[PDB]
Amino acid sequence: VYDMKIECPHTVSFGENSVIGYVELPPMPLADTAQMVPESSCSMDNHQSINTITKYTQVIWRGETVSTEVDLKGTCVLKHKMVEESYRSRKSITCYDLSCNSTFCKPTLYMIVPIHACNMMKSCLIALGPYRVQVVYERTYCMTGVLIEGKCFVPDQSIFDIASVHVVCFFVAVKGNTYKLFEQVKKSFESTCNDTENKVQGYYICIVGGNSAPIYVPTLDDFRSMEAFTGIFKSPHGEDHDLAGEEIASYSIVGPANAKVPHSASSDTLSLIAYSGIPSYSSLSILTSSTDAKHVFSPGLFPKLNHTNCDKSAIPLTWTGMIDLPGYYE
Amino acid sequence: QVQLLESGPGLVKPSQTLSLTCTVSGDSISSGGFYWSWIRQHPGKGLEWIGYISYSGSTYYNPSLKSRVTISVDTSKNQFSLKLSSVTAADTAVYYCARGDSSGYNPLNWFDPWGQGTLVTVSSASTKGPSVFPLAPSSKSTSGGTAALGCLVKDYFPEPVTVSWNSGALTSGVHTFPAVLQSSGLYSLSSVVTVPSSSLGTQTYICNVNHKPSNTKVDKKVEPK
Amino acid sequence: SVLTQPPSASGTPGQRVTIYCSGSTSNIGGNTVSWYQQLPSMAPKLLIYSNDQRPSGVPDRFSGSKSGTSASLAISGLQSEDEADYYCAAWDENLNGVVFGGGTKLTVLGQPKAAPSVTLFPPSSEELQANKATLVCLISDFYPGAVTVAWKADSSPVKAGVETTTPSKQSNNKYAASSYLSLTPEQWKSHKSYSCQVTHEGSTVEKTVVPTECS
């Protein structure tokens, strides 16, 4: 019986905020992934949160990568207005991401709950395969401040006082002229790209401090959205290398390897950097040149994310990071 | 690419119920989370939003037309439908379907993309398939070895009809003119195409004329006399 | 139309043309504006959303903004192909719906005075077999868009039987119009020649046809 902490402050101070609580797990072997099917009493969503089955291109590396059109369950592949229509009905969302070497798979489970349930949902249980997990809500004595290493921090609207706060981002795959995210990538990083080698359309949705209204990325006139964009794309490998007990970095960087996405591809659509040892970097991403978000799972591989060259690349699905915000204490 | 496409009868008589259907493509309609919307535009007039429905069943109609408007949904078949009851001569318009979105949390804010629309004309009269005629290039229209020829489309109701050339292979240098509301209550138009003289003896030019409210599909060949 | 737009705005290439949209607190005061450009007789197209954002394939010549209950679309660097109709749209809560402005007819002036291209077609060998005949006159690629139509026969004009449509801007910033003549075929070959005359800016362009050709 594991535990996941949902951090509730005493008050919310208006705003349609959702709280996020996530925790990682001890691992399981490689080929066990498909067995994982979660049950819950606090998924609460209309068959959309837990029942996330997605067409992936499993890249089994050997030796030598093997692309296979596989189907995965429980991933954090989010959809348009998912958080929103979850909020209006006071229902929840839950997903998990994976960091996998050639042999093992460390999970990371996020749960997203509207703040309208810091009192109703005081405790809960959710089971994922070999692990039960009690979802424990936990009150801090903060009014609305997020608890950051002993102090209650409160954005915004003010000398100025400013700190760095945690933020969780998930990619939402939506198609339309207004979602050409790679165009913003080019306009704000001066990489040598164009619109055909990079066609995936979508955006990111993020929550800050475990209690915040969602932040869409990118939007030009949002201070926090552009902060998140800078953070996400200056470290797409995730701004937290160290998973639960991986400070002594043993990255057997095996090296670059090509793969098809999907398996039926005529040539190699994705470049990767195979590794082994300790799984710390996430293993779920999305292929870039495909208009449809053709999701990719890569065990024992760091997919190519550096967009210095604008072809045969991938973008992360989830991302946990830190960005700068103005606040107050006492 | 995501595209919306409208379909329905071009003519609906007064005091009937008008049905139209928009089909989505490129995006899965259940991956939408969008406000799927019907909008219309009277001839020479501006825009007016009819209503929307969400992928669950939320019917949000314009207060003016909520009495008459019904909006069907079909999640299993990627479609939604409009059913405006008690139509009169006032409701004649171009009807567009749109994928209205709402950026963040607030309701409908913008429409992207759009279907290319369909013209529903209302009049208690009936439909007539037009008649197509050639308009030959004689020795009267050349300027430097280049001239033009035409296809006449005559005596139809209601709008619209369409004329293309060479099954779409001929696009550049083709111009078609607005139809006319004659005193006879009939519409007529013409499609002219400009080409050099060279191809009068080794190339063919056929215009294809279509009229939806009458099922009329005519491939008419234009040659010098 | 709850949102109030100016009816028409106009300019010349290289301007900064601004188009307005004024509503109340119930529509623009609390919800975002989107901007739409509709080209001549075409389905609309999104230009601005979230009051300033640009879709892909939108030039920053088009910027947008909104303050209080009133919004503006700023075409900084006006160009020729911007001759269209501009609508503003926003969500009104007291009406619980989406409202459009009255549209803004934008005219790009400064284009030079032009001469009309006149085309004339006599009835076909097919149409003369249907108790009817039709002669057609085409006026294309002229500026301004005003016309006067005069049909003649042997230096002597005629008036009736001619249906003439309103002139139309094309996609290439130049204007065109059509003139249709329907006759009993007896009076198609009861006169020597038929001539079409286009009057524009004072001047005239003329064309002629005869039936003694190969029928």
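Protein chains in written order, with the deposited numbering: chain A, 22 to 84, 97 to 191, 200 to 371; chain H, 1 to 225; chain L, 2 to 216. The beta-carbon is built from N, C-alpha and C at its ideal position, and this holds for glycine as well.
Counting only C-beta atoms, is residue i closer than 8 angstroms to chain L at any point?
i: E224 of chain A; result: yes
i: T219 of chain A; result: yes
i: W110 of chain H; result: yes
i: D189 of chain A; result: no
i: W114 of chain H; result: yes
i: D281 of chain A; result: no
i: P63 of chain H; result: yes
i: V120 of chain H; result: no
i: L135 of chain H; result: yes
i: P178 of chain H; result: yes
i: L261 of chain A; result: yes
i: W38 of chain H; result: no
i: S138 of chain H; result: yes
i: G8 of chain H; result: no
Please check if any C-beta of chain A sits within less than 8 angstroms of the C-beta of residue i.
i: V2 of chain H; result: yes
i: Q38 of chain L; result: no
i: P56 of chain L; result: yes
i: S31 of chain H; result: yes
i: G117 of chain H; result: no
i: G26 of chain H; result: yes
i: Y50 of chain L; result: yes
Give the interface partners of residue i over in chain H, defined as CB-CB distance under 7 angstroms, in chain order.
i: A115 of chain L; result: By Cβ distance, chain H contributes nothing, its closest Cβ being about 16 angstroms from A115 of chain L, past 7 angstroms.
i: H149 of chain A; result: Near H149 of chain A there are no residues of chain H at all, since even the closest Cβ is about 14 angstroms away, more than 7 angstroms.
i: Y257 of chain A; result: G104
i: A147 of chain L; result: Within 7 angstroms Cβ-Cβ: nothing; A147 of chain L doesn't reach chain H, min ~16 angstroms.
i: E214 of chain L; result: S138, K225
Quick one, which of the options has its alpha-carbon nearest residue i's?
i: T165 of chain L; options: L:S157, L:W152, L:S35, L:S172; result: L:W152
i: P8 of chain L; options: L:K190, L:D86, L:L47; result: L:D86
i: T26 of chain L; options: L:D61, L:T13, L:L40, L:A72; result: L:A72
i: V99 of chain A; options: A:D352, A:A298, A:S191; result: A:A298
i: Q54 of chain L; options: A:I246, A:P357, A:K221, A:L342; result: A:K221
i: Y120 of chain A; options: A:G183, A:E102, A:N67; result: A:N67
i: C128 of chain A; options: A:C138, A:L111, A:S135; result: A:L111
i: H113 of chain A; options: A:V103, A:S70, A:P59, A:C29; result: A:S70
i: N72 of chain A; options: A:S132, A:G243, A:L328, A:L161; result: A:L161
i: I148 of chain A; options: A:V22, A:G368, A:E171; result: A:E171
i: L121 of chain L; options: H:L119, H:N166, H:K140; result: H:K140
i: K45 of chain H; options: L:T70, L:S196, L:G104; result: L:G104
i: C151 of chain A; options: A:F212, A:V169, A:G84, A:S354; result: A:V169
i: residue 226 of chain L; options: L:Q6, L:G162, L:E202, L:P212; result: This structure gives no information on residue 226 of chain L, because the portion of chain L shown stretches from 2 to 216.
i: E102 of chain A; options: A:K275, A:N350, A:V80, A:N239; result: A:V80
Report yes or no: is there a C-beta of chain H within less than 8 angstroms of the C-beta of residue i?
i: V210 of chain L; result: yes
i: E187 of chain L; result: no
i: residue 92 of chain A; result: What the structure lacks is residue 92 of chain A: chain A is numbered 84, then 97, with the residues between left out.
i: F122 of chain L; result: yes
i: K124 of chain A; result: no
i: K216 of chain A; result: yes
i: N132 of chain L; result: no
i: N174 of chain L; result: no
i: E207 of chain L; result: no
i: residue 1 of chain L; result: What is shown of chain L runs 2 to 216, which leaves residue 1 of chain L out entirely.
Closer than 7 angstroms by beta-carbon distance: list the chain L residues that pair up with residue i, in chain order.
i: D333 of chain A; result: None at all; the shortest Cβ gap to chain L is about 17 angstroms.
Which bits of chain A does residue i rub up against, with CB to CB less than 7 angstroms?
i: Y105 of chain H; result: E37, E117
i: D61 of chain L; result: Within chain A, no residue comes near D61 of chain L; the closest Cβ sits about 10 angstroms away, beyond 7 angstroms.
Taking C-beta pairs closer than 8 angstroms, name the residues in chain L that residue i reaches, listed in chain order.
i: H175 of chain H; result: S141, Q171, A177
Output, in chain order, the set of chain L residues within a Cβ distance shorter than 9 angstroms of residue i.
i: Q182 of chain H; result: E164, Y181, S183
i: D130 of chain A; result: Those do not exist, as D130 of chain A stays about 29 angstroms from chain L at its closest Cβ, beyond 9 angstroms.
i: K221 of chain H; result: None at all; the shortest Cβ gap to chain L is about 10 angstroms.
Report the neighbours of residue i on chain H: residues whose CB is nearer than 8 angstroms to its CB, in chain order.
i: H336 of chain A; result: Per Cβ cutoff of 8 angstroms: no residues; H336 of chain A is ~13 angstroms from chain H at best.
i: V137 of chain L; result: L135, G150, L152, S190
Under 9 angstroms between beta-carbons, which chain H residues line up against residue i? List them in chain order, please.
i: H113 of chain A; result: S31, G32, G33, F34, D101
At a cut-off of 7 angstroms, would you count residue i as near the ligand NAP, judging by its Cβ distance to the nearest heavy atom?
i: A179 of chain H; result: Annotation note on the ligand NAP: not contained in the displayed structure, which lists no ligands.
Next on the checklist: As an exercise, report each continuous beta strand (DSSP E) stretch of at least 3 residues that is fully enclosed by the segment 46 to 108 of chain L, in chain order.
Outcome noted: 47 to 49, 63 to 68, 71 to 77, 86 to 93, 98 to 101
Next on the checklist: Output needed in chain order: residues of the segment 72 to 99 of chain L with a Cβ under 9 angstroms from some Cβ in chain H.
Outcome noted: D86, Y88, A90, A91, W92, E94, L96, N97, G98, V99
Checklist entry - Counting only runs that start and end within the segment 329 to 356 of chain A, where is the alpha helix (DSSP H) found for 4 or more residues in a row? => result none
Checklist entry - What are the residues of the segment 140 to 166 of chain H that lie near chain L, defined by any Cβ-Cβ distance shorter than 7 angstroms? => result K140, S141, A148, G150, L152, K154
Checklist entry - Along the chain, which unbroken stretches of the beta strand (DSSP E) at least 3 residues long are found entirely within the segment 155 to 190 of chain A? => result 156 to 161, 164 to 172, 179 to 181, 184 to 186
Item to check | Contacting positions in the segment 78 to 98 of chain H - beta carbon closer than 7 angstroms to chain L | outcome: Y96
Next on the checklist: Quick check for students: name the residue ranges of the alpha helix (DSSP H) that lie wholly in the segment 103 to 144 of chain A, counting only runs of 4 or more.
Outcome noted: 115 to 121
Checklist entry - Got a sec: which bits of the segment 13 to 34 of chain L sit with their beta carbon under 7 angstroms from any beta carbon on chain H, in order along the chain? => result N32, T33
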